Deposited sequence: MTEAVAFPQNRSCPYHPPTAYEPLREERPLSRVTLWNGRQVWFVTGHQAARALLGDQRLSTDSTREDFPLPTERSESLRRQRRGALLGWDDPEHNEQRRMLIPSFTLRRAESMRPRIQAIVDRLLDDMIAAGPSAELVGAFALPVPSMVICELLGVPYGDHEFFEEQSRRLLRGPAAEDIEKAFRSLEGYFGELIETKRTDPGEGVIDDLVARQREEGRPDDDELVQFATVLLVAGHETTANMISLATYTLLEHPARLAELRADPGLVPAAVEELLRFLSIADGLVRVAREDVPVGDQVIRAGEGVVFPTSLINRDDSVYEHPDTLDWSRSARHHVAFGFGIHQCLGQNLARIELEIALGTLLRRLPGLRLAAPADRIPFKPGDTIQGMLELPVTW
């Protein structure tokens, strides 16, 4: 009987206690804090089929939803209508168009970090601000508000008190309300403009719903990307031969981003409840049963990935579930991939001497029940 969720022992490996469940495919079981048993999807093929099944729910308002302690929560057709409105802002072409803006953001934060001193706390100096500044550009927040937006987005993650997190949420919701007005009578480019055009053309996203979309995109897009920058950098520094390959051939960085997404799987333990019976081979997930998708184990299914517990830039990470799959699959994945390519590739290019400025086991990382990644990352160069 294995308790879920558990803390990682090593920032870049799945929790040690899950290792015996990896052989039990496609479905195993884990126990939540209150003794409730839930299904634990260990099979890659099964995880992909299940994450496409409308009989699983993300609606945390259901009495039967598993407590391990808007888009998400929404079942279709509401959910489908929300996604339809946002998908066009998140195409591959729209991500590729953002490259020069992302490069400028990354370059400015590295210039400032290098100027300030010979060492840095990389999470606060780089990993945290890159994605909130990209989301700033994505939403079309005007230049003069960039500092305000970065400051409030940081407060929403770093707090420290629950009061700071709440005041930041209210400040951003209030700001998004004002900006929708500003952009109606002074249209620019970005997701808010895209959704203002949709509202005039279709009446579809009302102002309250547009504000919720902006808040969701920031929350979905900020910490995940920041933790991938921080944990990827720590993982690379702890694998000198793998890091050396990327320094030698910058052309490897896009494939390395996929392999790091697979190997790190920071959005770990996706949760669903079955609304109706769902069969998986000769097993049946009954209506009301919890279903947990341990991203990190699914991405290490050795039926799909040879030597799955090793970092390998040459062994295909294609079809990984780091961005989820099916109904709720990450809307930002095209944008996230380019942010990571530019952030990690530019860091590696500019700072070839980059190294940890503390022993690896004194560097704090997130506990098991949240998005995985580094809290701090002291580096020198």
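Unmodelled segments of the deposited chain, in sequence order: 1 to 3, 73 to 84.
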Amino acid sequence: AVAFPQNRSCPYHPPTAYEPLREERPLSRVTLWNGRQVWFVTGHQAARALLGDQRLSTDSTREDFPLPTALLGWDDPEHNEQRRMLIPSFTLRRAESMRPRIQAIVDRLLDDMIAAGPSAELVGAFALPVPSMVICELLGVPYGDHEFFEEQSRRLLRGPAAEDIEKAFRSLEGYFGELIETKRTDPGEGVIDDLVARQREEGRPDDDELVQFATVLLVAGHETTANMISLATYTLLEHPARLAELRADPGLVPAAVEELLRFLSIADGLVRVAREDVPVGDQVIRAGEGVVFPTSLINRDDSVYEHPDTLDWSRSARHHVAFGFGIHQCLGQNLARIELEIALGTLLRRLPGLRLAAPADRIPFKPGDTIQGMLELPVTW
From here on, numbers count along this sequence of modelled residues.
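Remark: stretch with higher mean C-alpha B factor among 280 to 288 and 230 to 238 is 280 to 288.
Comparing 291 to 299 with 98 to 106, the stretch with the higher mean C-alpha B-factor in the PDB entry is 98 to 106. Across the residues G124, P254, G188, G221, the deposited record lists the maximum Cα B factor for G188. The PDB entry assigns the greatest CA B-factor among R262, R272, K167, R247 to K167. Per the deposited record, the Cα B-factor of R25 falls in the highest third when ranked against the other modelled residues of its chain. Sorting the modelled residues of the chain by their CA temperature factor places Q372 in the lowest third. Ranked by Cα temperature factor within the chain, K366 sits in the middle third according to the deposited record. For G174, the recorded CA temperature factor ranks within the highest third of the chain's modelled residues. Ranked within its chain, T182 lands in the highest third, by CA B factor from the PDB record.
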